[PDB]
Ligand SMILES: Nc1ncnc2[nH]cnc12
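Heads up, the chain below is alone and in the form deposited without the named molecule; it's given as structure tokens.
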């Protein structure tokens, strides 16, 4: 398994772009694509995971563990009290939890469990964060930096603090890797906090359906309309791959052949 580092504490637009490029190039299958868009591999291709190490401005770090097949965050680690502490989501199987423990913290003689005591669904994370919509949790580089400092090396912290950090990190790492549109929202707002707009949220919620729509399209024509949102919360009825492709960084894994270019 590879570990890709993003220096949040000394970040720039160009270093975030490079981070996104590196993460997509690690995660993608070496050959699968549809309409020129790289696709994630099956659940069997090794390495099955990708690690992302987030560094704050005091060189404290938090390492996220991503499943390569779908880019979901499985858990994260940090260094406290001389130990590697692994924090696994409660919605991971026993077998995957063993991989998470041993991938995040391979030294079994100096590690500690500190579970994430809730699942990874956006509805759940929003509930723990106290918000009716994650539009209400701002994203940004200084927020991510600050959030790392509230957790890394910190004995105890609230579920709200943790859920806020996860909402931010999941969206600025996995969702941005999935969607060039979301990468670009971060870059357009690089110097400031921002609220994820209706198009961000719609893309995030529909990523799997988008992948299938593109994989199934014949000669660039979607088999059925794909309804998403524009940034002003109006409907976006997608009819051709041409309209959605620019927003895509990675397709979810879909079995079977497709139009490859």
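Positions refer to the first chain, counted from 1.
From this point on, the text means the form solved in complex with the named molecule, which you will not see here.
**Q** So, residue 164 and the named molecule: in the entry with it bound, are they within 4.5 Å at any heavy atom pair?
**A** Residue 164 lies outside the contact set for the named molecule.
**Q** Given that the partner is absent here, does residue 89 sit within 4.5 Å of the named molecule in the entry with it bound, heavy atoms only?
**A** Residue 89 belongs to the contact set for the named molecule.
**Q** Does residue 146 make contact with the named molecule in the entry with it bound, using a 4.5 Å heavy atom cut-off?
**A** Residue 146 lies outside the contact set for the named molecule.
**Q** Using a 4.5 angstroms cut-off on non-hydrogen atoms, would residue 79 count as touching the named molecule in the entry with it bound?
**A** No - in the entry with it bound, heavy atoms of residue 79 and the named molecule never come within 4.5 Å of each other.
**Q** With the named molecule left out of view, which of 182, 71, 104, 129 would have a heavy atom within 4.5 Å of it in the entry with it bound?
**A** Selected option: 71.
**Q** Which residue among 138, 97, 142, 120 has a heavy atom within 4.5 angstroms of the named molecule in the entry with it bound?
**A** Looking at the other structure, the residue within range turns out to be 120.
**Q** Just one stretch in 106 to 114, 79 to 87, 151 to 159, 167 to 175 has heavy atoms within 4.5 Å of the named molecule in the entry with it bound, so which one is it?
**A** Result for this chain: 167 to 175.
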